[PDB]
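So you can see what is in the structure, the chains are spelled out below.
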Amino acid sequence: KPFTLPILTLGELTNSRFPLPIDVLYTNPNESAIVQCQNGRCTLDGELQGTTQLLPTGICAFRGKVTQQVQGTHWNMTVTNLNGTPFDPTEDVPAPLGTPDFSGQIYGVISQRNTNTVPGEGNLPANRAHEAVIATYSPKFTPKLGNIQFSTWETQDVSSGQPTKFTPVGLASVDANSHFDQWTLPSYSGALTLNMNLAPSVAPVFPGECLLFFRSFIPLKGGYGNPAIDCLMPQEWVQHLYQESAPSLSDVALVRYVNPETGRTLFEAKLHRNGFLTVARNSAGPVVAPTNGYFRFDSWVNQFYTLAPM
Amino acid sequence: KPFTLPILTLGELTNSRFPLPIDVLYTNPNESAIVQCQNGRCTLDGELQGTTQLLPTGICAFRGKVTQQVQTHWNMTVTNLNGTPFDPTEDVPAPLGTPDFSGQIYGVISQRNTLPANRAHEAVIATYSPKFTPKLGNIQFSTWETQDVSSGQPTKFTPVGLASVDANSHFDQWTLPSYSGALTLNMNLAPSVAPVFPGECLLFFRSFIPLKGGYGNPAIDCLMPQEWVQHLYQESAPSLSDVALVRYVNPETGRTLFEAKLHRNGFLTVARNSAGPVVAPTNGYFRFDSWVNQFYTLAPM
């Protein structure tokens, strides 16, 4: 089966690591961190890796039940799989699929719809929702053990024992004590633990090459900053590759970024079998080009193919 | 070019009218409302209609700049979601992604000033308000917060759910907003959809939508999931009749659970004489089997 990519343009793609549109392509050749994100991980032949799942609504989401308030106002939440089935910690994944894959204070909304209905309200359940923050660097962030905590500004109106959804929106801030580092993994089983079942790190191996990312700017609840989240492939590529499961005929798919108006190739890139891009570029920053561009698959090549400089 | 659908299962699909997973398939044969939603509208040959755009993050989203606080209510100029100015003369009902139903839409307004300062707050957009005029470039939102929204700064609305579905809330998923306000006619609408065949009813992809407070179990029904919109748009396969016969298959057992007609204008019907959820495995998926003729009768579900 021939390998293909979506023909969605840059302005028609979304981030696989946070629910955001892709804003710009981006490089940073002198990055010192190991790049080993766990969402947006899929091989070119369709194998999801890390904590990657298919729903855009599942990225950095949680589903479960609040147990009790804990002595901002903190609350303990059991977490299930996003489909509602109990999370089995013996499954060969780092954490429930969709779990955030970076250190920071993730800001969003906790909502609840009660299981029990009220006769005097037309046999309908009660509901509530409040702003909430999840500190993924906290020892209390133990999604691999089926349990996390969140904090709220709201002091009372969260219910114990009720179905609970976290909808991510952005970060609480990028203050130093919020520990935002997009390449630092959470410790999924808690303090002083070793993560397991991780998607592998990615890196260029050929001289003159660097990673090419799909970058999105992330909202902030407060503070000064212009934070971004870089993914290796957009969510729609993950969805496409998963469904197609086309055999990979070599280690690298050569792709060309094309302006569909002019048919012109702006640059070429290597799309590696583990699901990431490299380019030959000697600078950091955005790729300044119209957002109607898209990557076109041109041919299978080997690891030693030399790219035209961007 | 042969017609195809994604092979994503029901538990791998998302709603095209609100940012929610698909929870269940659903029918309501005795519905009295005209079904004429504007998000999640795409022909089988790939023509987007209504206010439909391709991003899951764009559904019920707004981008723009706050102008004035009025008596805590705030006016907001809205642009296209890509940041370009919205031209009210374009042949669309409203900026793409604009909500397509009456209600109080709850979410978060966030701002990043032109290292910049930021703020965000919970907000509500009443789409039935006379000040909900997205086709004219302006909407209003309310906050519980009394002051901390800045005028003239880039502003994003991230939808989360509904504020309320009580009797003051005007929630009706089939009532369109007046995109240009009171006393104006909506324009450039995607057409209404209905079964024509005796014994058939619409089949929806249903999602339960969160509530900020109060009582209720509200849902939003879309005609096709967002991934189908994205797929059809890219493929642009010619439609070889008015109806594509699809079978809902359990891929574990290989068996067909039921069949449906997928109509050219981008919606499903089934022969079912009961309302409510379809109780079927969420690992099922619709498989395209054949274009069919105008006398094709569905097996009853």
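Residues numbered from 1 in each chain as written, not as in the entry; some residues may be left out. Chains lettered and ligands numbered in written order. Heavy atoms only, no water.

- The record names X-ray crystallography as the way this model was obtained, at a resolution of 1.4 Å.

Some points on the environment of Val205(A)
Thought 1: Within the fold, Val205(A) resides in the loop between strand 7 (163-171) and strand 8 (209-217).
Thought 2: Exposure remark for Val205(A): the relative accessible area of 71% places this residue in the exposed category. (Helix = DSSP H or I, 4+ residues; strand = E, 2+ residues; numbered from the N terminus. Buried < 20%, exposed > 50% of the residue type's maximum accessible area, 1.4 Å probe, protein only.)

Side note on the domain arrangement of chain B
Residues and elements named next belong to chain B.
Thought 1: Domain assignment breaks chain B into domain 1 (1-58 + 164-301) and domain 2 (59-163).
Thought 2: The C-alpha centroid of domain 2 is placed 27 Å from the C-alpha centroid of domain 1.
Thought 3: Contacts between the two partners involve 42 residues from domain 1, matched on the other side by 36 residues from domain 2.
Thought 4: Contact between domain 1 and domain 2 buries roughly 2900 Å² in total, counting both sides, with carbon and sulfur atoms accounting for 60%.
Thought 5: Interface area lost by domain 1 to domain 2 is led by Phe18, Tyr179 and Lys212, which between them contribute 22%.
Thought 6: For the pair domain 1 and domain 2, the interface holds 2 salt bridges.
Thought 7: The interface formed by domain 1 and domain 2 includes 15 residue pairs in polar contact.
Thought 8: In terms of residue class, the side of domain 1 that touches domain 2 is made up of 17 nonpolar, 22 polar and 3 charged. (Domains from an automatic or database assignment. Contact = heavy atoms within 4.5 Å. Buried area = accessible area lost by both parts, 1.4 Å probe. Salt bridge = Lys/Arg side-chain N within 4 Å of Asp/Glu carboxyl O. Polar contact = N/O pair within 3.5 Å; in protein donor to acceptor, adjacent residues only side chain to side chain. Nonpolar A, V, L, I, M, F, W, Y, C, P; charged D, E, K, R; others polar.)

Some details on helix 1 (residues 235-244) of chain A
In an α-helix, one turn spans 3.6 residues, which is why side chains three or four residues apart end up on the same side.
Thought 1: Within helix 1 of chain A, 7 of the 10 residues are buried, which leaves it mostly tucked inside the rest of the structure.
Thought 2: Contact partners of the buried residues in helix 1 of chain A: strand 8, strand 12 (265-272) and strand 15 (294-301) of chain A together with helix 1 (226-235) of chain B.
Thought 3: Of the residues flanking the end of helix 1 of chain A, it is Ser245(A), one or two places downstream, whose phi is positive at about 45°.

Regarding the interface of chain B and chain A
Thought 1: In this complex, chain B contributes 44 residues to the contact, which on the side of chain A involves 46 residues.
Thought 2: Summed over both sides, the interface between chain B and chain A buries roughly 3600 Å², with carbon and sulfur atoms accounting for 59% of that surface.
Thought 3: Among the residues of chain B in contact with chain A, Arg112(B), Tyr215(B) and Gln234(B) are the three that bury the most area, contributing 18% of the side total.
Thought 4: Taken together, the connections running from chain B to chain A amount to 0 salt bridges.
Thought 5: The interface formed by chain B and chain A contains 17 residue pairs in polar contact.
Thought 6: Listing elements by their share of the side of chain B that touches chain A, those giving two or more residues are strand 4 (104-112), strand 5 (117-126), strand 7 (154-162), strand 9 (213-215) and helix 1 of chain B.
Thought 7: Take the side of chain B that touches chain A: its biggest share by element is 6 residues, from strand 5 of chain B.
Thought 8: Grouping the constituent residues of the side of chain B that touches chain A by class yields 24 nonpolar, 13 polar and 7 charged.
Thought 9: Sheet topology places strand 9 (residues 222-224) of chain A next to strand 5 of chain B; 3 bridges connect them, and they run antiparallel. Bridge pairing links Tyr224(A) to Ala117(B) in strand 5 of chain B. (Pairing = 2+ DSSP bridges.)

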